[PDB]
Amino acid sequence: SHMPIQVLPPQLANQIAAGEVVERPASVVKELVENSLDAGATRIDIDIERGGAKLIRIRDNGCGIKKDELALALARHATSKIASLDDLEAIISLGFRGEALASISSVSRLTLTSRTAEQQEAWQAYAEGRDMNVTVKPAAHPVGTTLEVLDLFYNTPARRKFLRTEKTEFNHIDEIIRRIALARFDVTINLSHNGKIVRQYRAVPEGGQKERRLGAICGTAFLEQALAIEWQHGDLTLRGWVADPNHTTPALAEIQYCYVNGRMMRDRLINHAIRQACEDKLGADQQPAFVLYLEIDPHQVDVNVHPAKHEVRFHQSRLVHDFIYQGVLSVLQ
């Protein structure tokens, strides 16, 4: 009771939020690329320097941000993705909290440059100070947006201590991009580190062959054991691949990617169903390898559970579990 109850200073409030959303450089990459995706980008270029502790640049050919909404793009609780509870309960976009940019801006030097198709002029914006005041200035930029995040955690010393080696931090970025590249086969993605191109994922055209990117991302070993899945029932749909348990190695088991309505996830229920189907098919149990996609009515799933959207809750839990279990078991036979 000694200290008065007081509203937290803008920057500090955002830094507390950043602790929950921004774990490491890879987290920044995840939030910004999901923004590019929501913006309708079909090409995304990611440039990283020193594992992301020095620089993280993401350029996309999305629709861009209007000049007079740049300050709003950096403001807390400000979003163009939802505007009501109904919008929230039926999420059709990766973002919805309106917090990512504000959180990241508070623990780094973040610059936003963008131009919409209706603008002849491009603009650049950034927030500063304890009050996070925004500056908007003239810039040169094509239709689309570029995010520049420099000196991550420069103003939050303690957090910077958790940063691993640059090789390690970059590996997590590479892994994040991997997961994203598998979520959207139709998006061209380029990734570089310290001025050197490391990844070049090419968009899979209309009804094109996805096996090409699948193998390029997960590996030929996976592609060889990959069993395509096509299971549906009403609004419930299951797609993707699952390796033959009998021919799955510890290495292949490192590939356990699942998506819910296109959003990368790591759900316990989903993993259990897949594991149960493989154990019941194979003699015993042993980490399965897979890249599965679950499509479900937005109203049947709650994605407002973790600040980084790391988890979800299914209304008809038992129904969903059984659906996936049956789907995988059906392909294994």
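Residues carry their position along the shown sequence, with the first being 1.
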| property | result |
| --- | --- |
| Mean C-alpha B-factor comparison - 103-111 and 206-214, higher one | 206-214 |
| Segment of higher mean CA temperature factor, 248-256 or 183-191 | 248-256 |
| Options 141, 81, 161, 178 - largest CA temperature factor per the record | 161 |
| Out of 96, 123, 170, 231, residue topping the C-alpha B-factor column of the entry | 231 |
| Chain third (lowest, middle, highest) by recorded CA B-factor, residue given as residue 312 | middle |
| For residue 118, the third of its chain into which the C-alpha B factor falls | middle |
| Residue 145, C-alpha B-factor rank within chain (lowest, middle or highest third) | lowest |
| Assigned third (lowest, middle, highest) for the C-alpha B factor of residue 153 | lowest |
| Record-listed C-alpha B factor of residue 137: chain third | middle |
